[PDB]
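Q: What the sequence shown shows, in the working numbering, is residues -8 to 62, in sequence order.
C-beta atoms are modelled at their ideal positions from N, C-alpha and C, and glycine is treated no differently.
Here it is, the structure in full.
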Amino acid sequence: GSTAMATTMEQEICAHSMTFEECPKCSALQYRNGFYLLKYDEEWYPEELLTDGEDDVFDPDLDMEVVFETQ
Ligand SMILES: [Zn+2]
């Protein structure tokens, strides 16, 4: 337990990536941008809402593990 206002949970529990408090910011795709590979598996959703057809990942439904796994 931490002395957090209104006993808010510290970790970023929102589905998109951020905290419950930071949930409106989750809608913004700024966080998603600046990442080397969209396809790389992280908490954030690989398919980007703004980029409809630009990504061209979902339409062909081709996932290459080797490409995303740089590490
Ligand atoms: Zn959110």
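#1: Just to confirm before moving on: does the CB-CB distance between residue 20 and residue 41 stay below 7 Å?
#2: Is residue 56 helix, strand or coil when you go by DSSP?
#3: Taking the straight line between their C-alpha atoms, what separation do you get for residue 46 and residue 25?
#4: Give the residues whose C-beta lies closer than 5 Å to at least one heavy atom of ligand 1, in chain order.
A: Put simply:
#1: Residue 20 sits at position 29 when you count from the first residue of the sequence shown. Residue 41 sits at position 50 when you count from the first residue of the sequence shown. Taking 7 Å as the Cβ cut-off, residue 20 and residue 41 qualify as a contacting pair.
#2: Along the sequence shown, read from residue 1 onward, the residue named residue 56 stands at position 65. Residue state, collapsed to three classes: helix.
#3: By 1-based counting over the sequence shown, the position of residue 46 is 55. By 1-based counting over the sequence shown, the position of residue 25 is 34. If I take the Cα positions, the gap works out to 14 Å.
#4: 5, 7, 14 and 17
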